[PDB]
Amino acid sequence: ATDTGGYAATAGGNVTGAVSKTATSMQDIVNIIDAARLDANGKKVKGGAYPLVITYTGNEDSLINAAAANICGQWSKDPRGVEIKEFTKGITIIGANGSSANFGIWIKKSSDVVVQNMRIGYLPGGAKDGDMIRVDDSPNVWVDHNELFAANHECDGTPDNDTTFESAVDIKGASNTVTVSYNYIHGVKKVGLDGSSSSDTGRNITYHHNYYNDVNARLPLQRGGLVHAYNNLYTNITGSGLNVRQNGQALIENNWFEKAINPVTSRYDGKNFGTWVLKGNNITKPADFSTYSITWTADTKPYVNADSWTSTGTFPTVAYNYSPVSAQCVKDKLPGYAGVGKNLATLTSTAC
């Protein structure tokens, strides 16, 4: 079974011949992956020698709590993260209930990677690429049921005044198919890119059943390609939501928006506006803006906001299978399915 409910179709390390290992710290993860590259004779095998299912049981609450207490002290620290580079055998990193991490997971030139049930927050190194989850040149990645958090705040005197904290889920390069689902993302200024530059366009990404609260921007900052966002709960968006750029196409269906500024827009380039297809959201017409506290602002450069709340383009036939519940049901039920400690539970219409 490789159904993620989105463009990524992967089972990760849960394939045949998979080796299960328990990691009790960031260092164990690093060592476990390194050992997974050696064959029976001790020789390195390209892409990995065998599939892995790493159960992380470590807990770095102390680090997280200390950081939460002094958020402006984080950006200048050394970044901390486990790099999953060129590992294609299939790998799943799943956190044990109660586990926690003050380090990120950086996926690079790999494929078939699943990251589940990890609580990652307040990472050091916002000024030196300290991302929580990064997907670079990596197709078939599934980021599901995690809690990614920090503080939605910018400290004074940080480089570019944009480095207090890095991103939650940045996706770039040839990460052609990715599914980001059931994540509880909160207190994050820059949620996640979809293309690192104007020239970094493409990919097919699905964002479904995520609960975003108190986030400033990039849900995602899309550059070209296709994005399918369904059954997400968007609350307290302080900057802008889905920013569809460089002629990207997005299908936005059955989501719940509330207390949001510029929830669907195309700005910051002044040209090559992307398009969106809107359907089944709690918002159906502009009259609803007042009901759900949706505010719109302009930009210094030419932009397009969805203030008419109408579809501005088309969207290709959605390849995979999925059954969205109603926008009301996500608002009612989603917070109990998204995040860690939910036993990877999913929201079916039955539970609605």
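Residues carry their position along the shown sequence, with the first being 1.
**Request:** May I ask you to compare 84-92 and 173-181 by their mean CA B factor in the entry and name the higher one?
**Result:** If you average the C-alpha B-factors of 84-92 and of 173-181, the larger mean comes out for 84-92.
**122-130 versus 158-166 - which carries the larger mean C-alpha B factor in the record** = 158-166 has the higher mean C-alpha B-factor.
**Message:** How does the C-alpha B factor of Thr284 compare with the rest of the chain: lowest, middle or highest third?
**Reply:** Highest third, going by the recorded CA B-factors of the chain.
**Prompt:** Taking the C-alpha B-factors as the PDB entry records them, is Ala40 in the lowest, middle or highest third of its chain?
**Reply:** Top third by C-alpha B-factor.
**Message:** Taking only the Cα B-factors deposited for this chain, tell me whether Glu258 sits in the lowest, middle or highest third.
**Reply:** Highest third - that is where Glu258 ends up once the chain's C-alpha B-factors are sorted.
**Message:** Quick check on the deposited entry: does the C-alpha B-factor of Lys271 sit in the lowest, middle or highest third of its chain?
**Reply:** Highest third - that is where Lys271 ends up once the chain's C-alpha B-factors are sorted.
**Message:** Looking at the temperature factor on the CA atom of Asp200, which third of the chain's modelled residues does it land in?
**Reply:** Highest third.
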